[PDB]
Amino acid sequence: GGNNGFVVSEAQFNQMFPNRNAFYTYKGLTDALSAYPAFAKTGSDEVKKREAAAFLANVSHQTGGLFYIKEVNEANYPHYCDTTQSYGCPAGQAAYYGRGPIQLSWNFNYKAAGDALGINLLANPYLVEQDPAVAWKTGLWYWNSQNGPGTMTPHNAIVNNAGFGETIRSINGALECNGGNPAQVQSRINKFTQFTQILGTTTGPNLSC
């Protein structure tokens, strides 16, 4: 007595992501969850479902519904080498473009994600476009550990009922929030709303930023 499996089913995932690249599978996602045991396991089932929807909606936004493994515009790749860092860009100046479900970008984020995961992603950032197990964990790392431009982790925003809006702020707040790009804030809210509906939960408060 007591099925406490992942609050998103394979069927629900497939409905959320009809045009996903083969790189991205339900099994890959579920396999990664262990790395972040509080993710989608904290609070009431309403909240767990809401957090799962929040994560996956942002994922969908970053990747075009999991169509893209990596960032398309090669000419902009060198942008992501922050020369001010002391550990530099050893995998190459053009090696730190967006990859995986959260489109992890910048040498400094590869360094931090890698340090957190026990993987040298500064040295081998290509792992995030090659190895789904790593890719998924990079997404969960961002979600569960990083503030980005905001003041709290996406995980804590949902768990503490601070709002979906704060997850947006942590992912691309400096440009999108505070009137920067209301259309794109709304796009994320739309996808989140759809996902909460698929899962049978509510959006919660403070959706915008």
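One-based numbering along the sequence shown.
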Quick note on 122-130 and 76-84: per-entry mean CA temperature factor is higher in 76-84
Quick note on 183-191 and 6-14: per-entry mean CA temperature factor is higher in 6-14
Listed options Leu56, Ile171, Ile69, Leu140: highest C-alpha B factor recorded at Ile171
So, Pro149's CA B-factor, relative to its chain, sits in which third? The highest
Split the chain's modelled residues into thirds by Cα B-factor; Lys41 lands in the highest
The third of the chain into which the C-alpha temperature factor of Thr167 falls is the middle
Split the chain's modelled residues into thirds by Cα B-factor; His155 lands in the middle
Binned into thirds over the chain's modelled residues, the C-alpha B-factor of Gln62 lands in the lowest
